[PDB]
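We begin with a single chain expressed as structure tokens, specifically the form deposited in one PDB entry.
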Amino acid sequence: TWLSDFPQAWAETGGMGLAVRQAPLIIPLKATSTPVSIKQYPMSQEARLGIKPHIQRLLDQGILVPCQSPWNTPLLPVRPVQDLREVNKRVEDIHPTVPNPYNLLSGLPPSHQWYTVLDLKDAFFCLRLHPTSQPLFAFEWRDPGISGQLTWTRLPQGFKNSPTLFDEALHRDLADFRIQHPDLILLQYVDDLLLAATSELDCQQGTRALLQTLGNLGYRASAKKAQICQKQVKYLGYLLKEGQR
């Protein structure tokens, strides 16, 4: 199967990801910015107990570490969601290089109608965060047993530049693959990937190369939602069918 031939490429079998080729990211602040520290709002014991295993897994994986930071933003109960809006306001903007899905799909020619669709799991966490920038994203945590600050050692969710920074990182890591397979079409939308070939055979071995490449580089795709070598797929809210849409 596709699962057994490529255990490092699937999130279910390959372990949490780490883009080994990508240096830890530095997050430049606006010249005006000084740290913002927002008090954590209280939460029910149920919410805290629901958050706990997620925090604990991230701690065990080293994705969260203890810190002491002049920054602090609230965690909210919804699994954990961090309100980083006041950090986002203080981070310098970067040029938006991610194409909108419409333009991205315009690069899909009729000649390639065999599709594989993959979504990368915990994509942002594959990218490391430079220690100088880790204090920006600190929050307060108490196990449901004393309170302390934690922050992220990887690119975090809710950070405004995470999608663009990830898209640019993966483009660098898949550049060679594109060279080694000039007859394949590869669409990247952050963590959503579409591979297209003219034939099922080319799609089969092209998907083999892509999965091997992704796992080697330290990315992990969802085997659950993978659509592999199919004439009909869903991608970015579109149904791709008979060369349409």
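The first residue of the shown sequence is 1; numbering continues from there. Definition used throughout: the rigid core is the maximal C-alpha set that superposes within 1.5 Å between two forms.
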Checklist entry - When you step from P144 to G145 in this entry, do you jump over none, 1 to 3, 4 to 9, or 10 or more residues of the deposited sequence that have no coordinates? => result 1 to 3
Checklist entry - How much of the deposited sequence is absent from the coordinates between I94 and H95: none, 1 to 3, 4 to 9, or 10 or more residues? => result none
Checklist entry - On average, which has the higher Cα B-factor in the deposited entry, 18-26 or 223-231? => result 223-231
Next on the checklist: Regarding 185-193 and 207-215, which shows the higher C-alpha temperature factor on average in the entry?
Outcome noted: 207-215
Checklist entry - Highest Cα B-factor in the deposition, which of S37, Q61, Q180, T32? => result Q180
Checklist entry - Of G158, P110, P131, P99, which one's C-alpha B factor is largest in the deposited record? => result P110
Checklist outcome for this item: Temperature factor at the Cα of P163, chain-ranked in thirds, falls in the lowest
Checklist entry - In terms of the chain's CA B-factor thirds, is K121 lowest, middle or highest? => result middle
Next on the checklist: Using only modelled residues of the chain, where does the Cα B factor of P135 rank: lowest third, middle third or highest third?
Outcome noted: lowest
Item to check | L104, C-alpha B-factor rank within chain (lowest, middle or highest third) | outcome: middle
Checklist entry - By the record's CA B-factor, is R79 among the lowest, middle or highest third of residues in the chain? => result highest
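Keep in mind that the form deposited in another entry is missing from the display, and what follows is about it.
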Checklist outcome for this item: After rigid core alignment between the shown form and the other one, the listed option with CA shift of 2 Å or more out of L150, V91, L174, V98 is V98
Checklist entry - Do you see a C-alpha shift of 2 Å or more at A47 between the shown form and the other one, with the core held fixed? => result yes
Item to check | Sense of CA distance change between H181 and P101 in the other entry, threshold 3 Å | outcome: closer
Item to check | Note on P101-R178 C-alpha separation in the other entry, which departs from the shown form by 3 angstroms or more | outcome: closer
